[PDB]
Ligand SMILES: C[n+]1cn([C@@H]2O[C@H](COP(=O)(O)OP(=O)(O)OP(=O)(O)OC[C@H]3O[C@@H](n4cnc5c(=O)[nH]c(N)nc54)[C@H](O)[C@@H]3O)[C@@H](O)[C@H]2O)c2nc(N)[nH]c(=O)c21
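Only one chain is shown below, in structure tokens, and it's the form solved without the ligand.
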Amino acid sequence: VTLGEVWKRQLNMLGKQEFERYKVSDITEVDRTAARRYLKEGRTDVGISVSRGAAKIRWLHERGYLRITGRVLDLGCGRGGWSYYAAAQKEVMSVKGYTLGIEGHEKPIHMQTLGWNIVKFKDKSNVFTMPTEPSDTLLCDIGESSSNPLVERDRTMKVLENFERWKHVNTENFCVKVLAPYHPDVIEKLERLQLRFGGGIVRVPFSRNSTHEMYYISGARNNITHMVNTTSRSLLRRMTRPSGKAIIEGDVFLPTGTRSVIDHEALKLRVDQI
């Protein structure tokens, strides 16, 4: 009944060729060719990003939707694309990434982009049930798509609920994936969070048109219903007139090395484990 649900229904009726043409229509895309070859080759001496997701947080950060600073927590870090990005940032002092890393889930990848020494990963960690800890910057990129819209609704709600559990008084900066933002319960939850914590919701152009995912962020205030509806209408318009062409931009390439705000023995042990 929402435009979002209409979008989702139509998406799953498209032919293969049509779905493929649609999913990239007028989106932005980083070229991952170089990073993929270095990952395959298993190099750790090159400043590449371990995932395509790093482009999302770079956009959010550079645009000013998110300040990344102090003690950064990254919930559902997977390979760690957001964790390594954060670690390379001037005002960041530490990064802690948590992820399941169970069968069929990505495990943290060892890399040596700038600030790798201030990043700690722990897999086999369920962020929904584990103890919380303070953060200045709280990131969560969780929300697994499903053909059942109600499963997506429930998954979105759980992510938002867990964000509120992890948020400390000093957590002034945040970025939380909202997988399916158009469900009335999700809109309501977002509005209730905003009443307490401010912020707003944004569509990242690096998201494919095959997902309606948006991000609840600390660095801008906006009207939740309007932004979500605006995105719904944009995904629908692109569906009526698919260009089949994405805007290609350069990938998240980073310098390498360690930061000052160094115990190489404990670092080696940390890398041995990853």
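Take the two forms, find the largest set of C-alpha atoms that superpose within 1.5 Å, and that set is the rigid core. Residue indices: 1-based, along the sequence shown.
Visitor: Stretch 32 to 40 versus stretch 232 to 240: after rigid core alignment, which one is farther off in C-alpha RMS in 5 other deposited structures of this protein?
Guide: Larger mean C-alpha displacement, comparing 32 to 40 and 232 to 240 in 5 other deposited structures of this protein, is found in 32 to 40.
Visitor: Hey, after superposing on the core, which one moves around more in 5 other deposited structures of this protein, 66 to 74 or 41 to 49, CA-wise?
Guide: It is 41 to 49 that deviates more in 5 other deposited structures of this protein.
Visitor: Unmodelled deposited residues between residue 261 and residue 262: none, 1 to 3, 4 to 9, or 10 or more?
Guide: Count of unmodelled residues in between: 4 to 9.
Visitor: Return whichever of 180 to 188 and 97 to 105 has the greater mean Cα B factor according to the PDB record.
Guide: Mean CA B-factor is higher for 97 to 105.
Visitor: Look over 121 to 129 and 70 to 78 in the entry and identify the one with the greater average Cα temperature factor.
Guide: Looking at the recorded C-alpha B-factors, 121 to 129 comes out higher on average.
Visitor: Among 239, 227, 57, 247, which carries the highest Cα B-factor?
Guide: Among 239, 227, 57, 247, the PDB entry lists the largest C-alpha B-factor for 247.
Visitor: Split the chain's modelled residues into thirds by Cα B-factor; is residue 61 in the lowest, middle or highest one?
Guide: Middle third.
Visitor: Lowest, middle or highest third of the chain for the C-alpha temperature factor of residue 172?
Guide: Middle third, going by the recorded CA B-factors of the chain.
Visitor: Split the chain's modelled residues into thirds by Cα B-factor; is residue 231 in the lowest, middle or highest one?
Guide: For residue 231, the deposited C-alpha B-factor lands in the middle third.
Visitor: What third of the chain, by the recorded C-alpha B-factor, contains residue 9?
Guide: Lowest third.
Visitor: Among the modelled residues of this chain, does the Cα B factor of residue 195 put it in the lowest, middle or highest third?
Guide: For residue 195, the deposited C-alpha B-factor lands in the highest third.
Quick note: we don't show the form deposited with the ligand bound, though the next part is all about it.
Visitor: Taking the partner as it appears in the bound PDB entry, which of 111 to 119, 147 to 155, 188 to 196, 86 to 94 has residues with heavy atoms within 4.5 Å of the ligand?
Guide: It is the stretch 147 to 155.
Visitor: Consider residue 229 of the chain shown here, and say whether it contacts the ligand in the bound PDB entry, taking contact as heavy atoms within 4.5 Å.
Guide: No, residue 229 sits far enough from the ligand in the bound PDB entry that none of its heavy atoms falls within 4.5 Å.
Visitor: At 4.5 Å between heavy atoms, is residue 63 in contact with the ligand in the bound PDB entry?
Guide: Although the ligand is absent here, residue 63 would stay clear of it in the bound PDB entry, with no heavy atoms inside 4.5 Å.
Visitor: Does residue 164 reach the ligand in the bound PDB entry, with heavy atoms at most 4.5 Å apart?
Guide: Contact check for residue 164: no, nothing within 4.5 Å of the ligand in the bound PDB entry.
Visitor: Would you check, heavy atoms only and a 4.5 Å threshold, whether residue 52 touches the ligand in the bound PDB entry?
Guide: The answer is yes: residue 52 has a heavy atom within 4.5 Å of the ligand.
Visitor: Just to make sure I understand: among 99 to 133, which residues lie within 4.5 Å of the ligand in the bound PDB entry, judging by heavy atoms?
Guide: Contacts from 99 to 133: just 106.
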